[PDB]
Every structure is written in C-alpha cells, then in structure tokens.
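Below is one structure, written out as structure tokens; comments come after it.
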Number of protein chains: 2
Amino acid sequence: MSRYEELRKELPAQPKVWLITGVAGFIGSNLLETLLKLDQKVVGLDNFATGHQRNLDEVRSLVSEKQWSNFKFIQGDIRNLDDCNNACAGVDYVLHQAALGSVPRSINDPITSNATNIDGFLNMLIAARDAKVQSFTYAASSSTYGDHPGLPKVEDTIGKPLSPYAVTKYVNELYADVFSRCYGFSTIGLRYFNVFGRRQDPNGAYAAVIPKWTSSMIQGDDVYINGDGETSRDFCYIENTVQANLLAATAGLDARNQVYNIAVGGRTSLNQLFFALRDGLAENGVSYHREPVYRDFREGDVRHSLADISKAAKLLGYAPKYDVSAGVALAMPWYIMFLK
Amino acid sequence: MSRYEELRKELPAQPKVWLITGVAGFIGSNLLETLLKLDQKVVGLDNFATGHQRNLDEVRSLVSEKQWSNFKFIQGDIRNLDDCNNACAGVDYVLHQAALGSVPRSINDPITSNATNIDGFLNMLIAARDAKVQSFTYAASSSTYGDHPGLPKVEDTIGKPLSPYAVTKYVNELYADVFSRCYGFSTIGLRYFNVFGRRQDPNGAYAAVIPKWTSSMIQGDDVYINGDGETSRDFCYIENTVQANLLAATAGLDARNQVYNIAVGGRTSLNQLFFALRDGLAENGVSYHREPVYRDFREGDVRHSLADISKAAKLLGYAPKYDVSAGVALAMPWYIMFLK
Ligand SMILES: NC(=O)c1ccc[n+]([C@@H]2O[C@H](COP(=O)([O-])OP(=O)(O)OC[C@H]3O[C@@H](n4cnc5c(N)ncnc54)[C@H](O)[C@@H]3O)[C@@H](O)[C@H]2O)c1
Ligand SMILES: NC(=O)c1ccc[n+]([C@@H]2O[C@H](COP(=O)([O-])OP(=O)(O)OC[C@H]3O[C@@H](n4cnc5c(N)ncnc54)[C@H](O)[C@@H]3O)[C@@H](O)[C@H]2O)c1
Ligand SMILES: O=c1ccn([C@@H]2O[C@H](COP(=O)(O)OP(=O)(O)O[C@H]3O[C@H](CO)[C@@H](O)[C@H](O)[C@H]3O)[C@@H](O)[C@H]2O)c(=O)[nH]1
Ligand SMILES: O=c1ccn([C@@H]2O[C@H](COP(=O)(O)OP(=O)(O)O[C@H]3O[C@H](CO)[C@@H](O)[C@H](O)[C@H]3O)[C@@H](O)[C@H]2O)c(=O)[nH]1
C-alpha cells in the first residue's frame with residue numbers, strides 16, 4: 001500500500017474542508033469528484049472563464065446525492081479579493097487550480113493571462129493566509145524549465161521562461177517562497193507535466209493536444225502535428241495528478257514550502273501519441289485512416305520534457321499508477337460519449 | 001571624455017522624444033531636469049501615488065521657460081493600458097521608473113505593490129511595443145540578489161527574493177526577457193543600488209535612509225539604526241543613475257536585452273553614513289550632537305550590497321563620477337532648503 005492508498009482510507013473517517021479554485025475546469029472538477037467520493041466537504045470557486053457548468057453537472061451525475069450536498073459552489077473571480085476571502089472561510093486545505101493555461105494564449109494576450117495567473121494567485125495567498133488555512137497547494141508548471149535542455153527534469157535546475165504563461169507560473173513559485181519567508185505561510189507547488197483525461201476541454205483554439213486530436217479523429221477531421229512529431233512529453237493521466245494534490249494537501253512540515261514534479265517519468269513522442277489515440281479509438285469502434293498533417297513548430301514550445309519524480313516519491317510518497325496507455329484507454333471512451 | 005559626456009554634447013544637436021513614467025517622483029523628476037536641459041522633448045506619466053507636484057514645480061524653476069515647454073505631462077496610471085498607449089504615442093525612448101518602492105511597504109501590503117510593479121510594468125511593455133518605440137529602459141533593483149551573500153554582486157549570479165517587492169522587480173526582468181524572445185522587443189533593465197540625491201522624499205513612513213536621517217538631524221530628532229549599523233550599501237548618487245538611463249536608452253543592439261548593475265562599486269556602512277550626513281550637515285551650519293539609536297534589524301533587509309559595475313562600464317561605457325561624499329555634499333544643502 002502506497003501513502004495515497006492509506007490516505008484514501010483515512011480521509012472518509014476524518015473528513016476535512018477543502019477549497020478548489022477552478023473547480024469547474026478539467027483538473028478542478030476531477031479533484032472535486034474524488035474528494036466528494038471520499039466524503040470530504042468541498043468549497044469551489046470559479047468564474048467560468050474557461051470552465052464549464054457541464055463539468056459540475058457531470059460530477060453531480062457521478063457522485064451520490066449525499067456527497068453532492070457536501071459541495072458549496074461560489075461563482076467568483078480570484079482577481080476579486082472579496083471572493084477569495086469568501087472561498088477560504090473556514091477551509092482546511094486549499095487546492096489552487098484557478099488559472100488561464102495555454103502558452104499560445106499568453107503569447108498573443110499576455111495581459112489577460114497576467115491578471116489571473118499572478119494577481120489572482122497573489123489574492124489567494126493572502127486570503128488563504130488570513131483564513132488561517134492548514135495547507136495551501138497550487139498548480140505550478142513544467143514550463144518553468146524553459147530553454148534548459150537537460151533530461152530528466154530536476155526541481156532545482158530550471159531554465160529561462162519561453163513565454164508570458166511560463167513567467168506567471170514561475171512567479172507563483174516566487175511569491176509562494178516569499179510568503180514562507182515573510183509570514184511563515186508554507187505552501188506546496190506542483191509542477192504538472194501535460195495532464196490529460198476526462199473533462200479536458202477539446203473545443204476552443206487553445207485545447208491541449210490529446211483532447212484536440214482525440215476529438216478530431218472521432219469527427220474525422222485532419223490532425224496537425226506541429227514540427228516533426230519527435231517532440232516528446234511526459235503525459236500525466238489526471239488520476240496521478242489528483243493523487244499528488246491530496247498528498248501535498250496533507251503532507252508533513254518537512255515537505256512544505258517545496259515544489260515537486262508531477263508526472264510518471266515517461267517519454268512519449270507526439271508521433272507515438274498519434275497512434276496511441278488512433279489505436280485507442282479503434283478499440284472502441286472508431287475508424288480513422290487519415291495520416292497526420294505536419295506543419296511548422298509552434299512558438300514558445302519546448303522540445304523534450306521528461307520528469308524525475310523521485311523528489312515527489314521520496315518526500316510525498318507519490319506513487320503514480322497510470323502510464324499514458326492506461327490513461328488513454330480510460331479517456332477515449334469519455335470523448336466518444338462527449339462528441340457521440 | 002566618457003561615452004556619456006559625448007552623448008551630453010550630441011543630444012542637443014539631434015533632439016529625441018523621451019517618455020518618463022513616474023516623472024513626478026525622485027528619480028523621474030531628476031531625469032526630467034537633465035533631459036529638458038539637454039533640449040530634449042519629454043512626455044511624462046504619473047498618478048502622484050508617491051510622487052509630488054512640487055517635484056515638477058521645482059524642475060520648472062530649474063529649467064528655462066523654453067525647455068519647460070518641451071515637456072508634456074499626463075496624469076495617468078500605468079495600470080491603465082489607455083494611459084500607457086497615450087504616453088507612448090510617438091515616443092523614441094522610454095525610461096520606465098513608475099513603481100512603488102520600499103520592501104517594508106510591499107511586505108505589509110503585497111497586493112498594492114504587485115498591481116503597479118507587475119501589472120503596470122506589463123502594460124508599459126505592450127504599449128511601448130505597440131507604439132514602435134526605439135528603446136525601452138526600466139528601473140530594476142539590486143534586491144533581486146536576495147539572500148545570496150557573495151560580493152561584489154554580478155549580474156548573472158542572483159539569489160532568492162526576500163520580499164514581495166523583490167519579486168516584482170525580478171518579474172520585470174523576466175517579462176522583459178520574454179518580450180525579447182517572443183516579439184523581438186529588446187529592453188535594458190538597470191538594477192539600481194540605493195539611489196539618493198535631491199527630491200528623494202524624506203517624509204512618509206517608507207522614506208529611504210538618507211532622506212530620513214538627513215531630515216531628522218536638521219529637525220533635531222533621533223536617528224534610528226536598524227541593526228548594528230555594519231549593514232553596508234553601495235549608495236549611488238542620482239547623477240550616476242541618470243547617466244546610466246540615457247546611456248541605456250541609446251545603446252547599440254549588442255547591449256540590448258541585458259540587465260546591468262548601476263552603482264559606484266563602493267561600500268558604505270550605515271555607521272559611516274551617519275557621520276557622513278552629520279558632518280555634511282555641519283559644514284552647512286547645522287549642529288547635531290545626538291548619538292544614533294540602535295534598534296532591531298528590519299525585516300526583508302539585506303546585510304551587504306556591493307556592485308560590480310564592470311559590465312555596465314564595458315557594454316554601456318558607464319562611468320560614474322560621484323562617490324557618496326560628493327553626493328552627500330550636493331544633497332545636504334537641498335534638504336536644508338527643503339525643511340528650512
Ligand atoms: N493541463 C495541464 O496539462 C497543465 C499543465 C501545467 C499546469 N497546469 C495548471 O493546472 C491548472 C488547471 O488547469 P486545467 O487544465 O484544469 O485548466 P481549466 O481551464 O480546465 O481549469 C481552469 C479553471 O480556472 C478557472 N479560472 C480561470 N481564471 C479564473 C479567475 N480569474 N477566477 C476564477 N476562476 C478562474 C476557469 O474557469 C477554469 O475552470 C491551471 O492553473 C494550469 O496552469 C495544467
Ligand atoms: N530609490 C532607490 O534607491 C531605488 C532602488 C532600486 C530600484 N528603484 C526603482 O526606481 C524607480 C523610481 O524610484 P524612486 O526612488 O524615484 O521612487 P518615487 O516614489 O520618488 O518615484 C516613483 C513614481 O512612480 C509613480 N507611480 C507609482 N505607481 C504609479 C502608477 N501605478 N501609475 C503611475 N505612476 C505611478 C509615483 O507617483 C512616483 O512619482 C522605482 O521603480 C523603484 O522601484 C529605486
Ligand atoms: O493540434 C495540435 C496541438 C498541439 N500540438 C503539439 O503537441 C505538444 C503538446 O501540446 P500542448 O497539449 O498545448 O502542451 P504544452 O505546450 O506542453 O502545454 C501543456 O503544458 C502547459 C505548461 O505546462 C500548460 O499550460 C498547458 O495547459 C498544457 O497543454 C506541443 O508541442 C504542441 O505543439 C500539435 O502538434 N498539434
Ligand atoms: O530610519 C532608518 C531607515 C533605514 N535604515 C536602514 O538603512 C538601510 C537602507 O535603508 P533603505 O534606504 O530603505 O534601503 P533598502 O532596504 O536597500 O531599499 C533601497 O533599495 C530598494 C531595493 O533596491 C528600493 O526599493 C528602495 O527604494 C531603496 O530605499 C536598511 O538596512 C535599513 O534597515 C535604518 O537603519 N534606519
């Protein structure tokens with residue numbers, strides 16, 4: 001039994017109050033589903049900028065009526081200090097996921113990304129701190145590694161940001177560290193590495209590669225590969241990311257004011273992904289015979305990204321049990337039902 | 001003749017349009033005085049948050065009526081993108097000084113500091129970029145060195161921030177670098193090291209050590225030393241900082257998208273400063289016989305700060321001609337006239 005498995009068993013016995021910002025988004029709604037199923041009490045904050053009411057509706061259809069009543073939802077904005085203080089009222093653990101992802105988005109509109117990702121992040125720290133919360137866990141990013149080529153990726157060795165988005169995610173780490181030095185408010189930042197799974201928005205022009213591609217194959221549209229397709233990623237199935245969050249939310253002091261890489265330590269080239277998704281969809285009765293259409297590399301894009309999760313395994317007892325294949329197998333059916 | 005001296009002679013012959021944000025503040029009004037005297041055209045942006053109309057009035061009394069008419073003032077906020085675009089209209093060189101200094105201030109109120117220092121800074125980059133400006137120079141800070149003990153300070157070796165303020169100043173560098181990578185908008189950031197001189201506000205609870213102490217001695221109040229007084233600084237007289245600004249605003253491409261240390265490479269302990277100011281005031285007919293009152297170190301304060309200006313001397317031809325003594329001698333008379 002891993003530390004998470006035992007935690008899964010302990011939580012329902014000693015229920016706590018959790019706060020999930022960006023609860024209507026991909027990662028947020030998944031965290032919600034898991035916590036409500038662990039009979040925890042959850043408060044959610046979201047403004048629907050990129051999240052959806054359907055994500056909340058889907059969760060309700062997946063959890064028991066009782067567990068769903070343990071959920072309090074607040075339609076607010078983390079850029080509004082009032083909404084933050086409100087969402088942190090009497091909360092035990094904060095899981096901050098509210099943000100505006102997508103490098104391309106931040107590049108053609110750095111101001112809008114800055115407002116939520118940095119101002120909003122800072123408001124949450126103050127509100128969480130002032131609410132005397134027990135723990136604060138926030139979504140960081142592997143983009144912080146920037147240009148630095150070296151592999152695997154180690155937490156202490158980072159490169160220079162390659163985009164506005166990357167800057168904001170790195171600033172979340174900076175402010176987190178300072179709040180620890182100046183107020184003794186320790187946090188735990190999780191550097192996610194390409195998370196995927198159910199409820200990750202396939203629509204919009206900034207959709208992630210997996211949702212975008214899976215959606216396109218089901219619809220029979222062309223699939224675009226930015227570059228030669230040799231670009232590699234450490235795709236982390238949602239379930240592994242959920243584990244890290246709960247783990248960080250309840251870690252010992254020795255593990256606080258620390259940032260961790262959250263992935264599986266695997267390497268998947270975009271070319272492998274194309275076939276993984278296509279074959280995965282084929283097992284579900286979806287035929288796709290189109291070849292991938294290769295176009296130019298995308299700006300502010302990283303070449304390779306492999307994570308060393310030994311720090312997370314060692315200090316948090318993080319033990320991911322889902323490789324890309326398992327995740328893809330679990331995800332594909334969902335998208336087919338979503339697009340039907 | 002230094003590169004600045006020749007630049008002093010060249011500018012009046014080929015006048016350019018300059019933009020100074022925070023033009024009503026200490027460093028900003030001094031830059032204004034110098035530029036107007038070099039017969040340059042200047043646009044100023046300020047909201048008087050910490051600046052003063054008197055600083056502008058003093059400048060008017062110091063420059064010719066003709067040179068003063070070459071000045072356009074805009075009462076605006078860099079947090080307002082409209083005001084930024086307005087201030088950058090048809091501008092050649094941008095000297096961004098608008099910000100909210102003071103570590104103590106950012107510590108007891110990180111949100112207010114974040115808004116101006118990061119959001120406002122980002123708006124200026126966009127507006128300067130969209131206005132097709134020829135150069136963008138911004139006020140950085142030696143605080144970016146943070147904890148790192150090593151001396152002298154070298155631009156490539158920085159430590160971890162010790163306060164919210166330090167974070168914002170470091171983020172100005174981050175966004176500046178990214179704007180160079182993504183838009184080809186190169187900038188030059190100047191890491192100032194404790195600037196002082198005429199018009200540096202002696203009032204308020206966040207006043208810098210020199211203005212605060214000088215003011216207190218003239219008034220006959222007690223002088224407080226936070227710590228043992230062995231805390232050392234590289235006090236940089238305003239005139240040296242002005243040189244760096246104009247130098248950076250007109251530097252060759254090889255010098256762009258680069259950050260520089262701006263000081264004199266000198267080391268002055270707070271204990272030496274106490275006597276430098278007191279003796280300096282004594283030469284002007286001001287008697288002070290009180291001994292300094294030592295109290296606890298101030299939070300988010302750096303122990304020692306010495307700068308290696310060789311990078312600035314080498315790439316910008318920076319050649320400061322004012323040590324603390326000269327600066328103090330020039331400053332003291334001003335404060336005596338200000339408090340009278
Ligand atoms: N998905 C990945 O692979 C990945 C990788 C690295 C980091 N992250 C981070 O994980 C977090 C969640 O990502 P996600 O993929 O679930 O995206 P998502 O867009 O599905 O979730 C983000 C949610 O935050 C909400 N939000 C945005 N701005 C808000 C504001 N100002 N006030 C209130 N709510 C606001 C949105 O409505 C949305 O529901 C983000 O912070 C992101 O930066 C994700
Ligand atoms: N003085 C030093 O020793 C020192 C050291 C390192 C960095 N700096 C930097 O130099 C710059 C100028 O410092 P200064 O000592 O002349 O301070 P100052 O307070 O005298 O000047 C700052 C000016 O900016 C204006 N301002 C602030 N927020 C604004 C906003 N949101 N919109 C428009 N105007 C705004 C203020 O009204 C003020 O006049 C600052 O950016 C500071 O961070 C100064
Ligand atoms: O239609 C498409 C979409 C994407 N890609 C490529 O696939 C790779 C991955 O795309 P993406 O899912 O956007 O990954 P990232 O650029 O690593 O961004 C991920 O990681 C970022 C920082 O960690 C987060 O902000 C994003 O939410 C998350 O998608 C990139 O090389 C893209 O160029 C394609 O080839 N074709
Ligand atoms: O009444 C006083 C005021 C200050 N100090 C000390 O004197 C030193 C210098 O004070 P200060 O002038 O506030 O210097 P910094 O803390 O280095 O801040 C300077 O450098 C910062 C970052 O570079 C800028 O934000 C500020 O505007 C600028 O004052 C510090 O150790 C203070 O503790 C005293 O002992 N007594």
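Proteins get letters first, then strands, A, B, ... in listed order; numbering begins at 1 in each. Whatever order the structure lists them in is the order used to number ligands and atoms, beginning at 1. No hydrogens, no waters, no symmetry mates; every other heavy atom, side chains included, goes into these values.
Of all the heavy atoms of B:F193, none lies under 4.0 Å from any atom of ligand 4, so neither backbone nor side chain is involved. Contacts between B:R233 and ligand 4 below 4.0 angstrom, taking non-hydrogen atoms only, involve the side chain exclusively. The side chain of B:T231, and not its backbone, has at least one atom closer than 4.0 Å to an atom of ligand 4 (non-hydrogen atoms only; side chain from C-beta on). With a 4.0 Å cut-off on non-hydrogen atoms, B:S102 touches ligand 4 through its backbone and not its side chain.
Taking 4.0 Å as the cut-off, B:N194 counts as a neighbour of ligand 4 on heavy-atom distance. For B:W213, the closest heavy-atom approach to ligand 4 falls below 4.0 Å.
The distance from the CG atom of B:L190 to the OH atom of B:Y260 is 9.0 Å, given to the nearest 0.5 Å. Rounding to the nearest 0.5 Å gives a distance of 12.0 Å between CG of B:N226 and CD of B:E299. Atom CZ of B:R233 is separated from atom CG of B:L270 by 6.5 Å, given to the nearest 0.5 angstrom.
Considering backbone and side-chain N/O atoms, A:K212 never comes within less than 3.5 Å of an N/O atom of ligand 3. Taking distance alone, with nitrogen or oxygen atoms compared against 3.5 Å, B:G101 stays at or beyond that limit from ligand 4. In terms of N/O distances under 3.5 Å, ligand 3 is not approached by A:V103. Not a single N or O atom of A:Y192, backbone or side chain, sits closer than 3.5 Å to an N or O atom of ligand 3.
At the top of the distance list for atom 13 (O) of ligand 3, counting protein heavy atoms only, stands A:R298 NH2, 2.8 Å. When only non-hydrogen protein atoms are considered, atom 5 (N) of ligand 4 lies nearest to B:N226 ND2, 3.3 Å. For atom 12 (O) of ligand 3, the closest non-hydrogen atom of the protein is A:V209 N, 3.0 Å. In terms of protein heavy-atom proximity, atom 23 (O) of ligand 4 is nearest to B:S141 OG, 2.6 Å. The closest protein non-hydrogen atom to atom 7 (O) of ligand 4 is B:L270 CD2, 3.4 Å. B:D301 OD1, 3.3 Å is the protein heavy atom nearest to atom 30 (C) of ligand 4.
Using a 30° and 60° split on the angle between ring planes, B:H96 and B:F121 fall in the tilted class, from 30° to 60°. The aromatic rings of A:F274 and A:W213 sit perpendicular, their planes meeting at an angle over 60°, well past the 30° parallel limit.
Side-chain atoms of A:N114 and B:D119 include a donor-acceptor pair closer than 3.5 Å.
The cationic atom of A:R191 (NZ for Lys, CZ for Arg) lies less than 6.0 Å from the six-membered ring centre of A:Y145 and within 45° of the ring axis.
Between A:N245 and the options A:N30, A:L31, A:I262, A:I188, a side chain to side chain contact (heavy atoms under 4.5 Å, CB included) holds for only A:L31.
Taking a cutoff of 4.0 Å between a charged side-chain nitrogen and a carboxylate oxygen, A:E33 and A:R199 qualify as a salt bridge. Salt-bridge check for B:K212 with B:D221: failed, with every basic side-chain N at 4.0 Å or more from each acidic carboxylate O. Salt bridge status for B:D234 with B:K153: absent, with no side-chain N to carboxylate O gap under 4.0 Å.
Other residues, nucleotides and ligands contribute over 12 non-hydrogen atoms within 6.0 Å of the CD atom of B:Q219. For B:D296, the CG atom counts as loosely surrounded, since its 6.0 Å shell holds 12 or fewer non-hydrogen atoms of other residues, nucleotides or ligands.
Short contacts between ligand 4 and B:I225, defined as distances under 4.0 Å to a heavy atom of the residue, involve ligand atoms 35 (O). Set against the non-hydrogen atoms of B:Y224, the atoms of ligand 4 under 4.0 Å away are 1 (O), 2 (C), 34 (C), 35 (O), 36 (N). Remark: ligand 4 atoms within the under-4.0 Å shell around heavy atoms of B:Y165 are 22 (C), 24 (C), 25 (O). Set against the non-hydrogen atoms of B:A208, the atoms of ligand 4 under 4.0 Å away are 12 (O), 29 (O).
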Please tabulate, one line per pair, the protein nitrogen or oxygen atoms found under 3.5 angstrom from a nitrogen or oxygen of ligand 1, with distances to 0.1 Å, or say none if there are no such pairs.
| unit_1 | atom_1 | unit_2 | atom_2 | d |
| --- | --- | --- | --- | --- |
| ligand 1 | 3 (O) | A:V195 | N | 2.7 |
| ligand 1 | 16 (O) | A:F26 | N | 3.4 |
| ligand 1 | 16 (O) | A:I27 | N | 2.7 |
| ligand 1 | 19 (O) | A:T50 | OG1 | 2.6 |
| ligand 1 | 20 (O) | A:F26 | N | 2.7 |
| ligand 1 | 31 (N) | A:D77 | OD1 | 3.1 |
| ligand 1 | 31 (N) | A:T116 | OG1 | 3.0 |
| ligand 1 | 32 (N) | A:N47 | ND2 | 3.4 |
| ligand 1 | 32 (N) | A:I78 | N | 3.0 |
| ligand 1 | 34 (N) | A:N47 | N | 3.4 |
| ligand 1 | 34 (N) | A:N47 | OD1 | 3.2 |
| ligand 1 | 37 (O) | A:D46 | OD1 | 2.6 |
| ligand 1 | 37 (O) | A:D46 | OD2 | 3.4 |
| ligand 1 | 37 (O) | A:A49 | N | 3.2 |
| ligand 1 | 37 (O) | A:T50 | N | 3.3 |
| ligand 1 | 37 (O) | A:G51 | N | 3.0 |
| ligand 1 | 39 (O) | A:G25 | N | 3.1 |
| ligand 1 | 39 (O) | A:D46 | OD2 | 2.8 |
| ligand 1 | 39 (O) | A:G51 | N | 3.2 |
| ligand 1 | 41 (O) | A:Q97 | O | 3.0 |
| ligand 1 | 41 (O) | A:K169 | NZ | 3.3 |
| ligand 1 | 43 (O) | A:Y165 | OH | 2.7 |
| ligand 1 | 43 (O) | A:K169 | NZ | 3.1 |

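Taking each heavy atom of A:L19 and A:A87 in turn, the nearest pair found is CD2-O, 3.2 Å. Nearest heavy atoms, A:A207 versus A:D201: CB-O, 3.4 Å.
Using a 4.0 Å threshold on non-hydrogen atoms, atom 28 (C) of ligand 4 does not count as touching the protein.
Partners of A:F338 according to the ring pair (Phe, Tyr, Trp, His ring centres under 6.0 Å) rule, which considers only residues two or more places apart in sequence or in another chain, are A:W334.
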